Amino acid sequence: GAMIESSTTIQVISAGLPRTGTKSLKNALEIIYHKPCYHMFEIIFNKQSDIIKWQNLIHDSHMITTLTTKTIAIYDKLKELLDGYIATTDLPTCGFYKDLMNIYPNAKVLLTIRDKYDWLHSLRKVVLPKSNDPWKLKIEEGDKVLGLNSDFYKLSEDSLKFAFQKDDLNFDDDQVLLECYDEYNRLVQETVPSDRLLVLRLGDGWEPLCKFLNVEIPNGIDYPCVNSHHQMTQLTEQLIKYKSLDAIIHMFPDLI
């Protein structure tokens, strides 16, 4: 097809929860749009200074009304944080999908989903291991190498609670998490007009996404498959072993 000049503004809002293929989608959207897509990885590896900003935003975000003077100030900060990006994925953004829709009225919405039990297992391996899981200590040790402290975990946990709209959440309760997962995905599809939404299941690949966005399928390029829990386990172990990101960064080409 013809090459056209795309606007550098949020064009795609993905409401997908972590461990539903957000990093692969991040990579895919960057392949399509040739501009950056937001993701927790963007925070970890490029903008750790954004952590306090997202934490602040979440703290104020209960005073959001579906436009008040308070809402406008919050929307202004949200827009600021996302300046220069063409899409959003992953925590902490996914919980803000309704607000992002208002801020970017011409953006389309995605929902990445998968088997709930596969999701739970993936979550326990990477994002939210149980309190008494020994692997939790390995995750934390490796993350320290990345310069991530307790404020990172606060943001991750609090942005997840925001997504689920829970004041308190028993992170060690599998059944609770599974229920929140189903309820969340259910609510996105009830909330977003079907015209404006595409639901993507893991494995769907380029075709439904590119049709939804009216772009050509990227020629010669397979749809990204990155950020498996096996790969995160390896990254954690290698960070612990080498004690720096730069010593091992060439070993994880498209992942980070």
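The first residue of the sequence shown is number 1, and the count goes up from there.
Enquirer: With residue 66 and residue 67 adjacent in the shown sequence, let me know how many deposited residues between them lack coordinates: none, 1 to 3, 4 to 9, or 10 or more.
Expert: Gap between residue 66 and residue 67: 1 to 3 residues without coordinates.
Enquirer: Quick one: say whether 84-92 or 177-185 has the higher mean Cα B-factor in the deposited entry.
Expert: Going by the record's values, the stretch with the higher mean is 177-185.
Enquirer: Taking the recorded C-alpha temperature factors, which stretch has the higher mean, 17-25 or 241-249?
Expert: Averaging CA B-factors over each stretch, the winner is 241-249.
Enquirer: For the listed 148, 126, 169, 111, which has the peak Cα B-factor recorded in the PDB entry?
Expert: Out of 148, 126, 169, 111, the record gives the largest C-alpha B-factor to 169.
Enquirer: In terms of CA temperature factor as recorded, identify the highest of 207, 30, 60, 42.
Expert: Highest CA B-factor of the listed options: 60.
Enquirer: Lowest, middle or highest third: which one holds residue 97 when the chain's residues are ordered by CA B-factor from the entry?
Expert: Answer is middle: the recorded C-alpha B-factor places it there.
Enquirer: What third of its chain, lowest, middle or highest, does the C-alpha temperature factor of residue 217 fall into?
Expert: Its C-alpha B-factor belongs to the highest third of this chain's values.
Enquirer: Divide the modelled residues of the chain into thirds by Cα B-factor and specify which third, lowest, middle or highest, holds residue 192.
Expert: According to the entry, residue 192 has a C-alpha B-factor in the chain's highest third.
Enquirer: Against its chain's modelled residues, does residue 225's Cα B factor rank lowest, middle or highest third?
Expert: Within its chain, residue 225 is a highest-third residue by C-alpha B-factor, going by the deposited values.
Enquirer: Would you mind checking where the Cα B-factor of residue 49 ranks among the modelled residues of its chain, as the lowest, middle or highest third?
Expert: Answer is middle: the recorded C-alpha B-factor places it there.
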